[PDB]
Structure formats: structure tokens, C-alpha cells
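Novice: Just one file: upload-v1.pdb, with PDB, C-alpha atoms.
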ATOM      1  CA  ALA X 618       0.000   0.000   0.000  1.00  0.00           C
ATOM      2  CA  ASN X 619       2.681   2.505   0.918  1.00  0.00           C
ATOM      3  CA  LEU X 620       4.653   1.682  -2.203  1.00  0.00           C
ATOM      4  CA  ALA X 621       1.496   2.863  -3.942  1.00  0.00           C
ATOM      5  CA  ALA X 622       1.180   6.069  -1.935  1.00  0.00           C
ATOM      6  CA  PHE X 623       4.865   6.907  -2.540  1.00  0.00           C
ATOM      7  CA  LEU X 624       4.248   6.378  -6.274  1.00  0.00           C
ATOM      8  CA  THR X 625       0.887   8.218  -6.507  1.00  0.00           C
ATOM      9  CA  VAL X 626       1.930  11.486  -4.818  1.00  0.00           C
ATOM     10  CA  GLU X 634      17.577  25.912   2.975  1.00  0.00           C
ATOM     11  CA  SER X 635      17.949  28.794   5.492  1.00  0.00           C
ATOM     12  CA  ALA X 636      20.438  31.239   7.033  1.00  0.00           C
ATOM     13  CA  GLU X 637      20.707  28.781   9.930  1.00  0.00           C
ATOM     14  CA  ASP X 638      21.664  26.112   7.379  1.00  0.00           C
ATOM     15  CA  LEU X 639      24.413  28.314   5.905  1.00  0.00           C
ATOM     16  CA  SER X 640      25.758  29.106   9.393  1.00  0.00           C
ATOM     17  CA  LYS X 641      25.855  25.431  10.481  1.00  0.00           C
ATOM     18  CA  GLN X 642      27.961  24.389   7.459  1.00  0.00           C
ATOM     19  CA  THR X 643      31.186  25.399   5.684  1.00  0.00           C
ATOM     20  CA  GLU X 644      31.305  22.857   2.817  1.00  0.00           C
ATOM     21  CA  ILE X 645      29.889  25.440   0.367  1.00  0.00           C
ATOM     22  CA  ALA X 646      32.282  28.431   0.609  1.00  0.00           C
ATOM     23  CA  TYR X 647      29.536  30.909   1.554  1.00  0.00           C
ATOM     24  CA  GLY X 648      30.488  34.585   1.420  1.00  0.00           C
ATOM     25  CA  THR X 649      29.726  38.175   0.431  1.00  0.00           C
ATOM     26  CA  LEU X 650      31.134  41.085  -1.568  1.00  0.00           C
ATOM     27  CA  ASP X 651      34.708  41.468  -0.226  1.00  0.00           C
ATOM     28  CA  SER X 652      34.166  45.206  -0.807  1.00  0.00           C
ATOM     29  CA  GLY X 653      30.501  45.646   0.137  1.00  0.00           C
ATOM     30  CA  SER X 654      28.032  46.763   2.820  1.00  0.00           C
ATOM     31  CA  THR X 655      26.981  43.099   2.874  1.00  0.00           C
ATOM     32  CA  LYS X 656      30.446  42.172   4.166  1.00  0.00           C
ATOM     33  CA  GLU X 657      29.990  45.082   6.597  1.00  0.00           C
ATOM     34  CA  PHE X 658      26.572  43.775   7.700  1.00  0.00           C
ATOM     35  CA  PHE X 659      28.294  40.573   8.872  1.00  0.00           C
ATOM     36  CA  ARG X 660      31.445  42.209  10.302  1.00  0.00           C
ATOM     37  CA  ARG X 661      29.240  44.306  12.622  1.00  0.00           C
ATOM     38  CA  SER X 662      26.105  42.148  13.115  1.00  0.00           C
ATOM     39  CA  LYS X 663      25.038  41.949  16.767  1.00  0.00           C
ATOM     40  CA  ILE X 664      23.196  38.720  15.905  1.00  0.00           C
ATOM     41  CA  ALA X 665      25.179  35.705  17.188  1.00  0.00           C
ATOM     42  CA  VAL X 666      24.355  33.684  14.033  1.00  0.00           C
TER      43      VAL X 666
ATOM     44  CA  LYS B 716       3.795  28.837  25.374  1.00  0.00           C
ATOM     45  CA  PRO B 717       1.664  26.875  24.764  1.00  0.00           C
ATOM     46  CA  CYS B 718       3.640  26.999  21.483  1.00  0.00           C
ATOM     47  CA  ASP B 719       0.431  26.148  19.601  1.00  0.00           C
ATOM     48  CA  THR B 720       0.957  29.016  17.128  1.00  0.00           C
ATOM     49  CA  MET B 721       3.036  29.191  13.911  1.00  0.00           C
ATOM     50  CA  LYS B 722       3.744  31.972  11.411  1.00  0.00           C
ATOM     51  CA  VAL B 723       3.268  30.717   7.819  1.00  0.00           C
ATOM     52  CA  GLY B 724       3.769  32.678   4.570  1.00  0.00           C
ATOM     53  CA  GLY B 725       5.434  36.056   3.935  1.00  0.00           C
ATOM     54  CA  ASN B 726       4.087  39.418   5.086  1.00  0.00           C
ATOM     55  CA  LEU B 727       0.838  40.524   3.384  1.00  0.00           C
ATOM     56  CA  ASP B 728       1.995  44.172   3.580  1.00  0.00           C
ATOM     57  CA  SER B 729       4.826  46.269   5.103  1.00  0.00           C
ATOM     58  CA  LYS B 730       4.731  47.880   8.552  1.00  0.00           C
ATOM     59  CA  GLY B 731       7.573  49.685  10.368  1.00  0.00           C
ATOM     60  CA  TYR B 732       7.508  50.093  14.157  1.00  0.00           C
ATOM     61  CA  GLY B 733       8.639  53.725  14.604  1.00  0.00           C
ATOM     62  CA  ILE B 734       8.632  56.033  17.656  1.00  0.00           C
ATOM     63  CA  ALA B 735       5.739  58.505  17.369  1.00  0.00           C
ATOM     64  CA  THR B 736       5.591  62.151  18.520  1.00  0.00           C
ATOM     65  CA  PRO B 737       2.923  64.900  18.086  1.00  0.00           C
ATOM     66  CA  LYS B 738       3.332  66.452  14.619  1.00  0.00           C
ATOM     67  CA  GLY B 739       6.500  68.606  14.749  1.00  0.00           C
ATOM     68  CA  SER B 740       7.656  67.519  18.228  1.00  0.00           C
ATOM     69  CA  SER B 741      10.607  69.325  19.831  1.00  0.00           C
ATOM     70  CA  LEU B 742      12.061  65.887  20.663  1.00  0.00           C
ATOM     71  CA  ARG B 743      10.816  64.696  17.245  1.00  0.00           C
ATOM     72  CA  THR B 744      14.287  65.251  15.742  1.00  0.00           C
ATOM     73  CA  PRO B 745      16.511  64.500  18.838  1.00  0.00           C
ATOM     74  CA  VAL B 746      14.572  61.239  19.319  1.00  0.00           C
ATOM     75  CA  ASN B 747      14.993  60.456  15.591  1.00  0.00           C
ATOM     76  CA  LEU B 748      18.763  60.909  15.920  1.00  0.00           C
ATOM     77  CA  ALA B 749      18.881  58.952  19.224  1.00  0.00           C
ATOM     78  CA  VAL B 750      16.758  56.240  17.565  1.00  0.00           C
ATOM     79  CA  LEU B 751      19.263  56.440  14.705  1.00  0.00           C
ATOM     80  CA  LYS B 752      22.141  56.008  17.209  1.00  0.00           C
ATOM     81  CA  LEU B 753      20.500  52.981  18.905  1.00  0.00           C
ATOM     82  CA  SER B 754      19.639  51.563  15.446  1.00  0.00           C
ATOM     83  CA  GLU B 755      23.275  52.152  14.383  1.00  0.00           C
ATOM     84  CA  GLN B 756      24.203  49.675  17.126  1.00  0.00           C
ATOM     85  CA  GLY B 757      20.903  47.846  16.533  1.00  0.00           C
ATOM     86  CA  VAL B 758      20.256  47.695  20.293  1.00  0.00           C
ATOM     87  CA  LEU B 759      16.657  47.069  19.206  1.00  0.00           C
ATOM     88  CA  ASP B 760      17.757  43.826  17.472  1.00  0.00           C
ATOM     89  CA  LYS B 761      19.345  42.352  20.617  1.00  0.00           C
ATOM     90  CA  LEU B 762      16.275  43.532  22.572  1.00  0.00           C
ATOM     91  CA  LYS B 763      14.254  41.513  20.085  1.00  0.00           C
ATOM     92  CA  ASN B 764      16.111  38.314  20.965  1.00  0.00           C
TER      93      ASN B 764
END
Write the structure described by the file as C-alpha cells, please.

Specialist:
Amino acid sequence: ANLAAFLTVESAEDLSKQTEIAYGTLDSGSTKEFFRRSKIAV
Amino acid sequence: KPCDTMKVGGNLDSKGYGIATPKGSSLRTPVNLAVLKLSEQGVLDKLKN
């Protein structure tokens, strides 16, 4: 039955908790500045 | 609690929580600049947490 059902029919936190995908910003941008000064722990 | 509530979907419009004063308040501008100062540190954001 379930075979049938299974045949009939990602966030900023995620970025922070990983490092595999070299995630970054403009090296010369206010975006880089947002992070350098953010008072948010994350 | 009781944690039986959840926000779903994006905002239906845009609202900004700003400090209000009687039209043309004497503190209107000083409070704007002080608000600016506290927003420059984003004290409000930590206060959110």
C-alpha cells in the first residue's frame, strides 16, 4: 500500500551550520559590513 | 507557550515600528537621531532576541 502512496503522490541557519559550500559576500561591500558588525550571534 | 501558534507565509503588507511624537515635536528630531544612534548599534535587534 505505501509503495502505492509513494508512487501516486535551505535557510540562514543552514548556511551558518555548514562550511562545505564556501559561503560569502562582496569582499568590498556593505553586505560584508553587515556581517562584520552584526550583533546577531548567528 | 503553549507553542500552539506558527507563522506561515510572507508578510501581506509592510509595517515599520517607529517612535511617534505629536506632529512637529521638539524631541521629534533628537529622538529620531537617538533612535538612529541605537539603530546604528541595533540595540533594538538584541532587545528583540

Novice: Here is a test: counting only C-alpha atoms, which residue of B:746, B:734, B:751, B:758 is nearest to chain X?

Specialist: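 Of B:746, B:734, B:751, B:758, the one nearest chain X, counting only C-alpha atoms, is B:758.
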
Novice: Apply the ChimeraX specification (/X :<12) & /B to the structure shown and report the selected residues as a CSV table (one decimal) with C-alpha atoms, in the frame of the given file.

Specialist:
chain,number,residue,atom,x,y,z
B,754,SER,CA,19.6,51.6,15.4
B,755,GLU,CA,23.3,52.2,14.4
B,756,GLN,CA,24.2,49.7,17.1
B,757,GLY,CA,20.9,47.8,16.5
B,758,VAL,CA,20.3,47.7,20.3
B,759,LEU,CA,16.7,47.1,19.2
B,760,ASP,CA,17.8,43.8,17.5
B,761,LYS,CA,19.3,42.4,20.6
B,762,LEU,CA,16.3,43.5,22.6
B,763,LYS,CA,14.3,41.5,20.1
B,764,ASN,CA,16.1,38.3,21.0

Novice: Hey, can I get the axis-aligned box for segment 650-662 of chain X? All listed atoms, 8 Å padding on each side, centre and edge lengths in Å to one decimal, as lines of an AutoDock Vina configuration file.

Specialist:
center_x = 30.4
center_y = 43.7
center_z = 5.8
size_x = 24.6
size_y = 22.2
size_z = 30.7

Novice: Quick check, in Å to one decimal: how far apart do atom CA of residue 749 of chain B and atom CA of residue 653 of chain X lie?

Specialist: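 Taking atom CA of residue 749 of chain B as the start and atom CA of residue 653 of chain X as the end point, the length is 26.0 Å.
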
Novice: For the atom pair atom CA of residue 666 of chain X and atom CA of residue 640 of chain X, what is the interatomic distance in Å to one decimal place?

Specialist: 6.7 Å

Novice: So how many Å separate atom CA of residue 725 of chain B and atom CA of residue 655 of chain X, to one decimal?

Specialist: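 These atoms are spaced 22.7 Å apart.
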